[PDB]
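We begin with a single chain expressed as structure tokens, specifically the form deposited in one PDB entry.
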């Protein structure tokens, strides 16, 4: 409870449950005195975004299915009504916390499991959607010299069992972080990612052997534990804050050091 984001405004995608990393990012931003707009992709998920809206006193709760150009365009329309008008216009940040590939893509042998359409959807929802948000948000961001933040996973650069086409999408996503940074930096907009360690979330639960992943990680990670959503929330807060004014194009690992260790006493 400091007051680092007093009067700052953020759009937060990807809340699905109390376990969502985006939930904790919202919580961190709210704690620090920012105002929030929260998005949801459909009615089932709206139920849970509404709970988050209540807990964080969201300014609005707007539909945003990042699969639709119409949905995104309309969503940023609504946001502009609230935050695009009058004396203090603009937004300080947009949080992209959205991943999807069809479940079959992440079940078993990579070459067997990957399909043309699976790949298409994985890249579209998990990677292009970040640039889609940047396109719709550009002017709002430029007005306040805000930043974009996405979430990635080590699966982009190292192989983790079953991660498969999501690895291809995350690698694609991370390239976009760099291209957007180069594209938007001249307007004072920063673009960054957090590479989170494994955390029990709705999506996480869906991956074969994720539980085992969680166990192994704890035994590899220098801190001898996994990270919590709160720890990613705080790191996100930093990157979204004026304190990160010199940082763009950056991938920040929040994984208890996991990415730095090839083998531990897994040996034993």
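Residue numbers count along the first chain shown, from 1. What we label the rigid core is the largest C-alpha set whose atoms superpose within 1.5 Å from one form to the other. Shifts are known only where both forms have a C-alpha.
From this point on, the text means the form deposited in another entry, which you will not see here.
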(request) Tell me, with the core superposed, which single residue in 31, 219, 200, 46 has its C-alpha moved by at least 2 Å between the shown form and the other one. (result) 200
(message) For residue 20, does the CA position differ by 2 Å or more between the shown form and the other one when the superposition is done on the rigid core?
(response) yes
(request) Check residue 206 against residue 127 at the C-alpha atoms and report closer or farther in the other entry, compared with the shown form; the change is 3 Å or more. (result) farther
(request) Given a change of 3 Å or more, say if the Cα atoms of residue 126 and residue 20 sit closer or farther in the other entry than in this form. (result) closer
(request) Provide the ranges, sorted by sequence, of consecutive runs with at least 3 residues in which each Cα shifts 2 Å or more between the shown form and the other one, based on a superposition on the core. (result) 16 to 20, 200 to 209, 262 to 267
